[PDB]
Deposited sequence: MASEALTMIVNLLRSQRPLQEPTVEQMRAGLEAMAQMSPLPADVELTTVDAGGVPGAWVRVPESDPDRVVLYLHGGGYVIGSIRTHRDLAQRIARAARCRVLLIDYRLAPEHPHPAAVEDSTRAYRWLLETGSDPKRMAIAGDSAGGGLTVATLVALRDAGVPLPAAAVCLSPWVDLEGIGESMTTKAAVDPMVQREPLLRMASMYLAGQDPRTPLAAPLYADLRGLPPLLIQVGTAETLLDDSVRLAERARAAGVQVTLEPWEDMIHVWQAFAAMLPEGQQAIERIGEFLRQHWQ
């Protein structure tokens, strides 16, 4: 892997807090980390009300406005914002030559499950309402937002809503009990530890069964989902979330591409400004999306 990978891993290991962070400290910490990736001058961000869910359109000069990704940010269903994920969104808009609708879906512990899935499905329905064509749409997201991408598809399908052309999961989180083999064997992963992840799961579930399918889509019915790209790093505690998801989706007849990136860490694409493999993974997202929009 690139020398940049070892630099990022060493920085993250050195900066991990010595006391369990509060929700406020985690939100502020991620906002601080995301402010170090500055927004290129050619990115246009437009604040919008996505049918009752706050959002921002993200586009670049080469964006085809008829092509839309609904982007669901990560953060354990507890942290993250339009500001934390706007760099990943603009990189995807640029590679996929599309616009991205980034939504500020409701977060736990203030708004437990199923508020996040209510917001993602409402935003998608609003895109169809305002004239977006499912054949030129995709849903994408990272970690919690990768889990929420699968849950959103399941919930739309069950409601009889037309599904988009494709979906993209970046290091998806689909097992809210952390019982994947890698959630032990990969403990090489400086940003996802079992205990804090299960703390975020507890806040999202608010006493609901940790196998509730729209919260933990490892237990959802995935039949009829559109083509799925899963990008995951081999140095991830969530590796076996992506492996188990691919297995389940393929068994349900979904056209799955599982891309395991050797030695990559959790949502390495978020570090694309300085990590070559992060930009290379985002170019591959753009290629996958344009292939399914043809």
Counting from 1 along the deposited sequence, what's missing? 1, 189
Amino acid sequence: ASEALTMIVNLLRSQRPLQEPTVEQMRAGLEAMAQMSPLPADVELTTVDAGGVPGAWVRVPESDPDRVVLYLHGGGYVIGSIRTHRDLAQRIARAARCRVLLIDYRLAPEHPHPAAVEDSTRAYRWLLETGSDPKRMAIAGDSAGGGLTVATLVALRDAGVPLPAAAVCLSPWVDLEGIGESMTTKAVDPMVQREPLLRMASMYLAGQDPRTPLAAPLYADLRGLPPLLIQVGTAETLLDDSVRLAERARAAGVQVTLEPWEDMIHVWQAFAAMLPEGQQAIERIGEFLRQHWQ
From here on, numbers count along this sequence of modelled residues.
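Heads up, when I say rigid core I mean the largest set of C-alphas that superpose within 1.5 Å between the two forms.
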Which is farther from the shown form in 5 other deposited structures of this protein in C-alpha RMS with the core fitted, 34-42 or 256-264? 34-42
Rigid core superposition result in 5 other deposited structures of this protein, more deviant of 277-285, 6-14 by Cα: 6-14
Mean Cα B factor from the PDB record: higher for 278-286, or higher for 16-24? 16-24
Which is higher in the entry, the mean Cα B factor of 175-183 or that of 76-84? 175-183
Of the options 147, 109, 164, 131, which has the highest CA B factor as deposited? 131
By the CA temperature factor listed in this entry, which of these ranks top: 245, 56, 30, 39? 39
Relative C-alpha B-factor of residue 259, binned into the chain's lowest, middle or highest third: lowest
Residue 157: C-alpha B-factor third of its chain, per the entry, is the lowest
Split the chain's modelled residues into thirds by Cα B-factor; is residue 208 in the lowest, middle or highest one? middle
Going by the entry, which third of its chain does the Cα temperature factor of residue 221 land in? middle
Lowest, middle or highest third - CA B-factor, residue 233: lowest
